[PDB]
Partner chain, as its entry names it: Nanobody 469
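The chain that follows stands alone, in the form deposited without the partner chain, written as structure tokens.
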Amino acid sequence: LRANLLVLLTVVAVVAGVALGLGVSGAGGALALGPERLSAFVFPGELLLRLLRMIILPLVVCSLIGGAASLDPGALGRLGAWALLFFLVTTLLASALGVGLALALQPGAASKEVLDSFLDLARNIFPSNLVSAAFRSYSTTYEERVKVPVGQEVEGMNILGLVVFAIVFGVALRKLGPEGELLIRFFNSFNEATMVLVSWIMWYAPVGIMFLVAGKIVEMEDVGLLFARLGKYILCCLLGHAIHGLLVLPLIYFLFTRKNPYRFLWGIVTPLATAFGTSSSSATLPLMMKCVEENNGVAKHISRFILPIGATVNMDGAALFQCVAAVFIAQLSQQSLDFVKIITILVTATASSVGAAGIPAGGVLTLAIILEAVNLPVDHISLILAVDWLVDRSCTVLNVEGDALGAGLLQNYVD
């Protein structure tokens, strides 16, 4: 089956990239290649990242506009409220699990204010300019006059603000009635034409993933020794992801929906494999919607409203990764964590996951926020960036999975 062959190649691309990067790192690696050859060697991964980032804006905007315009305003409100509750609860559970695992295994045994960060999140939720929000996000810095906070739009897509605007605009189109049907059709057609482009990009995805992983483990120095140093951190992250995706989320699905959760997960295994490969939830969004609608029988209006929102707001993997990283860095620096600091870590990780952009390496940009909020040093992030390519991929799975089951849950609530 060609459809399964594509995903098999996408997954095997990670293994092939690991092998290629280990082979290149041996026999000199970066020093033997030199910057001129290093850039060319790593370029295909960068090209894949560029394509994935390009598709996100139209894909998310059109999908959300259509999904919101496809539901009654009251039904949409109830569904969105329950979906937000599910996302928040699952993210909090992931954060708590990560903190507990980090405190039990102790992987470390071997600046912006928090209020300003939350106000920046609120500002990004309501973009000041729709065109600017497509490639910029509000961010607060300080002038020492007393540190007075002054904000500006820095680079980085404001995907959360565009998501909110898309939902509101879809609701407005629904309320318009016959007059909004033309725009609903326009945005559905744009969404489908974007699904076509995503499907085409998925064919380049294997080569891009291979070269991305190979470059990211060639850039790593002393791969064996660095893995020996970060083994416990990697174990904590992957074990937390496994527990959350295989025990916690299916347990919630079973409790709220007596149907077997693992059959639902098998129904989307292919989207999960694509998410592990590309490490981007948005690239899996088309295939995930297809699988939940076709394999799991989730209604079209539930799926195409929930999954696009969850791909940006619901990131359980990101929250677990950030909590584990925070506790690991605190242990490295020998700072004890109390209930106040643990709760701060949990809340800040939830907010950061909500603010994350859902792109490869998109979860490390906001870990510094947690480290600053807990008064932990920010330099240690240098270590985490080395392992990201692996951990991030795991996160993506637990991210996209968190969406799918949620839809499967909410649909069952509708019935």
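Residues that one form lacks are left out of the comparison. Positions refer to the first chain, counted from 1. If you superpose the two forms and keep the largest set of C-alpha atoms that fall within 1.5 Å, you have the rigid core.
Missing here is the form solved in complex with the partner chain; even so, the following discussion is about that form.
Residues with any non-hydrogen atom within 4.5 angstroms of the partner chain in the deposited bound form fall in just one of 168-176, 239-247, 96-104, 268-276: 168-176. Proximity of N188 to the partner chain in the deposited bound form: non-hydrogen atoms within 4.5 Å are present. Contact check for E294: every heavy atom lies farther than 4.5 Å from the partner chain in the deposited bound form. By the criterion of a heavy atom within 4.5 Å, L332 is excluded from the residues contacting the partner chain in the deposited bound form. With a 4.5 Å cutoff on heavy atoms, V89 does not count as touching the partner chain in the deposited bound form; it lies far away. Screening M210, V313, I217, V298 for any heavy atom within 4.5 Å of the partner chain in the deposited bound form leaves a single hit, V313. The single contact residue among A69, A356, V60, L376, judged by any heavy atom lying within 4.5 Å of the partner chain in the deposited bound form, is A69. Residues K300, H301, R304, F305, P308, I309 of 292-311 are found to place at least one heavy atom within 4.5 Å of the partner chain in the deposited bound form. No residue in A299, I184, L332, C291 other than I184 shows a CA shift of 2 angstroms or more between the shown form and the other one after fitting the rigid core. Core-superposed comparison between the shown form and the other one: the Cα of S39 travels 2 Å or more.
With the core held fixed, the Cα of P377 is displaced between the shown form and the other one by less than 2 Å.
The two forms, fitted on the rigid core, differ between the shown form and the other one by 2 Å or more at the CA of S128. Look at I201 and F276: in the deposited bound form their Cα atoms move 3 Å or more farther apart than in this form.
Three angstroms is the minimum change: in the deposited bound form, the CA atoms of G156 and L398 sit farther apart than in this structure, by 3 Å or more. Taking the core as reference, several blocks of three or more adjacent residues between the shown form and the other one have all their Cα positions offset by 2 Å or more: 1-76, 111-145, 147-229.
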